[PDB]
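The structure appears below as structure tokens.
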Amino acid sequence: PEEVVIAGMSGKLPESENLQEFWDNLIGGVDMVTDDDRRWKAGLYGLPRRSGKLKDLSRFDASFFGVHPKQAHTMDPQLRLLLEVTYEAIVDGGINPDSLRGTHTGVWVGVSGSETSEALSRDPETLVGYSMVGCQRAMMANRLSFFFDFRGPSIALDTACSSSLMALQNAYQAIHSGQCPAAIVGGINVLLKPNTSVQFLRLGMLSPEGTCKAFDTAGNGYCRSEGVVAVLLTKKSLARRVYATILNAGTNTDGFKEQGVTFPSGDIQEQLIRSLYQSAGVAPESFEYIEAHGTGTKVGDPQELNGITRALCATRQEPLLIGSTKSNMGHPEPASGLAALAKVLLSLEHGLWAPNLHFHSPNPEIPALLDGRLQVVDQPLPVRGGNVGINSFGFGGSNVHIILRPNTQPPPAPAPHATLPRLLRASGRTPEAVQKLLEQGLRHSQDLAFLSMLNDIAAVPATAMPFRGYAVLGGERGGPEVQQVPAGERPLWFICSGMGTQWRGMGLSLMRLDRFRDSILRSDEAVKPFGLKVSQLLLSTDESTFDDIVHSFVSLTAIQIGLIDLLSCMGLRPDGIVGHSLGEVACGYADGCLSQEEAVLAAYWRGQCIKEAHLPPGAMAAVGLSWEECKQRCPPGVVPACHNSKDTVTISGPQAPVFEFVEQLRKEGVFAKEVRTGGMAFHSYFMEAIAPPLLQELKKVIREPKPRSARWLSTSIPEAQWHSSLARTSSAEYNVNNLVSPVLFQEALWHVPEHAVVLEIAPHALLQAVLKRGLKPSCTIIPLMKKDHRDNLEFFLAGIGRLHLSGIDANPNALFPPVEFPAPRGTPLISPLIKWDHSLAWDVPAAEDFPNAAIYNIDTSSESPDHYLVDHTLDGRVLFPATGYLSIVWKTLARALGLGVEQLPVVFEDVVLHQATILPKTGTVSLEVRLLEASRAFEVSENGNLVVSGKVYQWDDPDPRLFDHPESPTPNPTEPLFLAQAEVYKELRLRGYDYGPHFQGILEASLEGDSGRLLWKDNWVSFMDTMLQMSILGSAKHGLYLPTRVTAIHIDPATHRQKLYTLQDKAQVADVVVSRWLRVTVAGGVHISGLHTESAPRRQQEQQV
Amino acid sequence: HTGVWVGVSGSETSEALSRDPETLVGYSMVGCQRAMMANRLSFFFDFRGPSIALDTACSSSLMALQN
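First to last, the protein sequences are chains A and B. According to our numbering, the first sequence is numbered sequentially starting from 1. According to our numbering, the second sequence is numbered sequentially starting from 10001.
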């Protein structure tokens, strides 16, 4: 059929936002599996701690994709990230997505989870309908088809851990058989619902250590990871970049396996590999790297690697390089295949195979690794050159395999046009995006393919990407320009300046452009018989070269026609043409009325006819007097020449009368100026004799008249007779009228529509001021060329860029020679270079949103987080702290209100401890906490028996004054001595309390026991227990007393953080004051009042006899 | 090489069976997972061909027929 290549590629993976960061983390070895607590508190349900989790899922540009704010809040995060990733994937290949709209492109998305639908579909009294319009699996591909206007198949297939490569294979089959000219294939996965991880742990697949130890001796399982990746596959014609060409790809299922459905098979995979590389016509020796599935299971790795050993290692001598991308980013279930594909493509691009982590000792069961036939990439290795294969063997039984032939297209040899500057137009959502694109383009200003691809994707409408920018790469005076396009289409008006503009050595610089050279050379051939060539005049060095009138005319018209050709090459059809003096002759070429040869002939004949006629020198002056004023003020023999502007006017006539009027005006002092016209009083009564011979010649010069489009706003014929029949067509009569009747530049300007993007097609922008002060002040003037400039090509490209900013889509690529494709290997990626409007945060399901009153299991084992409770032993039996219950109830209330504990200042009241819970040495005790928010009451229960009862409620108005230390009833001025930690706990030991190190937190205490210093670790239970201990210390009673009632407890975490002060060591401390008179214990942000303790009879175990 | 294409637009059994982490069993994934509708059939009948579970709603079955 037709060759299939991987055009685009992009996505987000664990701990990597763009594939550039992905490569940075791969090559540098940065492990991507993280222990953070983003998705859910690590260990909840005993799930393995580590897992690869994306950085953020709450970001999405709703406006760009046309999703209302309400719909965004009810959209699967996979879907939003996939829309962004697919857009980046298409543009990463240098293809504008609008170019694909309406084509038969297909979308095959791999997915195996719809948890967000379960989150949005739990409460039927409040669930909204459109939750299904953006969460159902079918909509994952259908949303892409809808936004991008893909008419091809929109299929979402699960395939059970092989979805990504299954979709890739289906897309490849589609493209091969000519069904689809392209295809967007993606793979998505997000860890949101812990129940899935619990299931996978029960099946015995997840690895307890959380590291997927691929090929190692001690592989236990695979660690779940997220990731969204998309790849654009297009036929060889549409491809602008080719990471690799998909030689072949197929699928097969393992069938009936005796060991069970989830026991992987080796013979089937070997058969698949052999069939693929036989049908593809590729000898096994060509292979240089095979991307093993490498899950890490003790069974999967041996089977898969032995299959590869039997399939590919049979005959080749040199070893086969085996890697596994799942040893870096973990294993995304559906997105596993595309993650490996991304790694392979990036490694191919950068010349080195990314190292494979967590491999130190090979699996004894896999003889290939022990021998030399099959080798692993443990440290970076260069790419010697060979085919690659990617395999994804899902746990259901579906197997896929893909063979890739890496692109090898070294950069082209240096070319003359490389030194020439280019143009870089960019567009983006926010100014940072355009600035990023411009800076990146400047970083690689010599990479022609990169510049061409960037230019191609920048032609997007203003509404989609309101910010634009153009940077001229290669020019010395080149700096980025960023601005906001005013939404709304704008007219593009051409103004061809008059015959007065011509300077020395004009257009030599711009000759370097092929189109300009072709235009000027065609003009040269046209002028041949008359005996002079335009190019020779331009390259001539005598100043008098442009002194000759006829040479001036011919050169000006030729250069203007060349500029028109350059602009036309990009695709700009003007919506209005205004011409001045000899500009009208070019205006003919602009409107299609006049052909190039006819224009050049007109210019030459005008020059010659003026030359032949002998008329006395006549100066042409400009008078700063209103038009009607110039109608009378001018002396006899002085006439209006051109109505340049409302203020500016041009006067022509004999040299003597013109000098007299200049003297008179200088007497008045009004502005007066006169351009150099060689004494040829143009547009005046002097030319009256010129026309007869001029008309006679021009009759033969221009053979057939033709219509004048409605665009062309003539200046020789006013509005009154503007309907005239002769004015209906260009002809010798037309040019004679143009020369005879005075110029009406002003009248033409009045009809320029508001917001017009004027272009000054002239070698020198002589009429810039006239247009600026004559047109409506919203007009934009962009002169293409200037005089005495060091390099006019930079100025012209800047003009085209400013045309880009105003809104007109002009592509500088056409100006320069076309670029050879596919792109050279090593062209920088484009996916990282696109930035979005992420100023808003959208919703995302929480862990509690799925099934799970609050039940807290107190496990005292060594690894459990509640180990510190073992140090709270009283009478030799470990008792739950009286402050442990309070922490549980506090956490329950915080969860109820949706806030955290640190952000919730709580107030207890009427706490009553009913029975003491003994924590078993081996086992667990389940404490259930129920709240009655209506009555502001709580009750902790144990096996249906009450343990703690009281009231809990949020502190609406915290007052830090409550925590000020009450003045002690005893001054204690001497303070000669104090009780240290060892002494205080010796005393408490003697009284019966046997606290261990964790509950040892009274750094010092006064002799009276009324003050001290409590150490602060993150544990609240220890802090409040230490407060209770400080209360007990000053008691004169003997024997151990345990809390039974507390009247009121206030906690204020903000004041708590304020009061803590770091000691001279690294440890923090909070001062504590006990006032028995007022029955208040205050320490940091905690304030206990009304503590009641009752003597608990000793256990009388008398273990000592 | 007979393949199995099943179009399915619901995994409601998984939601019910995976609600209590303190009692959920591993076999729920092997049985109630959406991708196991095709894989179970291929496993039983020894169908070595492709096994896919399409998810285009309201047209999944006829799309599987076209595939």
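Here a beta-carbon is modelled for each residue, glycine too, at the ideal position from N, C-alpha and C.
- Annotated three-state conformation of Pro966 (chain A) is coil, per DSSP.
- The beta carbon of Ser112 (chain A) falls within 7 Å of a beta carbon belonging to chain B, placing the residue at that interface.
- Our two residues, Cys10058 (chain B) and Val10008 (chain B), have alpha carbons roughly 9 Å apart in a direct line.
- Chain-ordered listing is empty here: chain A has no CB closer than 8 Å to the CB of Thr10023 (chain B), the nearest sitting near 10 Å.
- Sequence-ordered contacts of the stretch 249–275 of chain A with chain B read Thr251, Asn252, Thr253, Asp254, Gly255, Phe256, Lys257, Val261, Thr262, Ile268 [C-beta pairs closer than 8 Å].
- At a Cβ-Cβ threshold of 7 Å, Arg405 (chain A) and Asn391 (chain A) do not count as neighbours.
- In this structure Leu1003 (chain A) is in contact with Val1069 (chain A), their Cβ atoms being roughly 6 Å apart against a cut-off of 8 Å.
- Inside the stretch 219–299 of chain A, DSSP marks whole beta strand (DSSP E) runs of 3 or more residues at positions 228–235, 244–253, 287–291, from first to last along the chain.
- Each residue's CA atom was taken as its position, placing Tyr734 (chain A) and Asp591 (chain A) some 15 Å apart.
- The beta-carbon separation of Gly579 (chain A) and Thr715 (chain A), rounded to 6 Å, stays under the 8 Å limit for a contact.
- Here the stretch 1065–1083 of chain A makes contact with the stretch 1024–1041 of chain A; the two share three or more CB pairs at distances below 8 Å.
- Bridge partners of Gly11 (chain A) according to DSSP: A:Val229.
- For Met329 (chain A), the secondary structure class from DSSP, reduced to helix, strand or coil, is helix.
- Buried is the label assigned to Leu784 (chain A), since at least 16 other Cβ atoms lie within 10 Å of its Cβ.
- C-alpha of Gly1009 (chain A) to C-alpha of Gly900 (chain A): approximately 34 Å in a straight line.
- Judged by DSSP secondary structure, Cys569 (chain A) falls within the alpha helix (DSSP H) whose first and last residues are 549–570.
- In chain order, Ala249, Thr251, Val400 place their CB closer than 6 Å to the CB of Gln169 (chain A), counting only its own chain and leaving out the 5 sequence neighbours on each side.
- Annotation: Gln483 (chain A) is outside any alpha helix (DSSP H); the continuous beta strand (DSSP E) that includes it extends over 481–484.
- Legend: CB atoms of the stretch 831–846 of chain A lying less than 9 Å from CB atoms of chain B are not found in any residue.
- About 35 Å separates the Cβ atoms of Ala230 (chain A) and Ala413 (chain A), ruling out a contact at the 8 Å cut-off.
- A residue is called buried when at least 16 other Cβ atoms come within 10 angstroms of its Cβ; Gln269 (chain A) meets this threshold and is buried.
- Under the Cβ criterion of 7 Å, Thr10002 (chain B) is not counted among the residues facing chain A.
- For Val242 (chain A), same chain residues with a beta-carbon under 6 Å away, outside a window of 5 residues either side, are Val5, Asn407, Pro822 in chain order.
- If you ignore the 5 residues before and after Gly996 (chain A), its C-beta comes within less than 6 Å of the C-beta of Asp871, all in its own chain and listed in chain order.
- Scanning A:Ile520, A:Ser806, A:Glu760, A:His764 for the CA closest to the CA of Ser778 (chain A) turns up A:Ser806.
- Residues of the stretch 10027–10051 of chain B with a C-beta less than 9 Å from any C-beta of chain A: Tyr10027, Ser10028, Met10029, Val10030, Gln10033, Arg10034, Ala10035, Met10036, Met10037, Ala10038, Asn10039, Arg10040, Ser10042, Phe10043, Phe10044, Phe10045, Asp10046, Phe10047, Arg10048, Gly10049, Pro10050, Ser10051, listed in chain order.
- Between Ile577 (chain A) and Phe494 (chain A), the beta carbon gap of about 5 Å places them in contact (Cβ cut-off 8 Å).
- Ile322 (chain A) places its beta carbon 7 Å or farther from that of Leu357 (chain A).
- Residue contact check for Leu10054 (chain B) against chain A: a CB pair falls below 7 Å.
- For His360 (chain A), there is no enclosing alpha helix (DSSP H), as DSSP gives it neither H nor E.
- The three-state reading of DSSP puts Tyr1061 (chain A) in strand, counting E and B together.
- When rounded, the separation of the alpha-carbon atoms in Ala841 (chain A) and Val1073 (chain A) is 45 Å.
- Annotation: the continuous alpha helix (DSSP H) that includes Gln440 (chain A) extends over 431–443.
- Residues of the stretch 368–402 of chain A with a C-beta atom less than 7 Å from some C-beta of chain B are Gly396, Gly397, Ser398, listed in chain order.
- CA-CA distance, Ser864 (chain A) to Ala42 (chain A), rounds to 12 Å.
- Burial check for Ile855 (chain A): the Cβ neighbour count within 10 Å stays below 16, so the residue is exposed.
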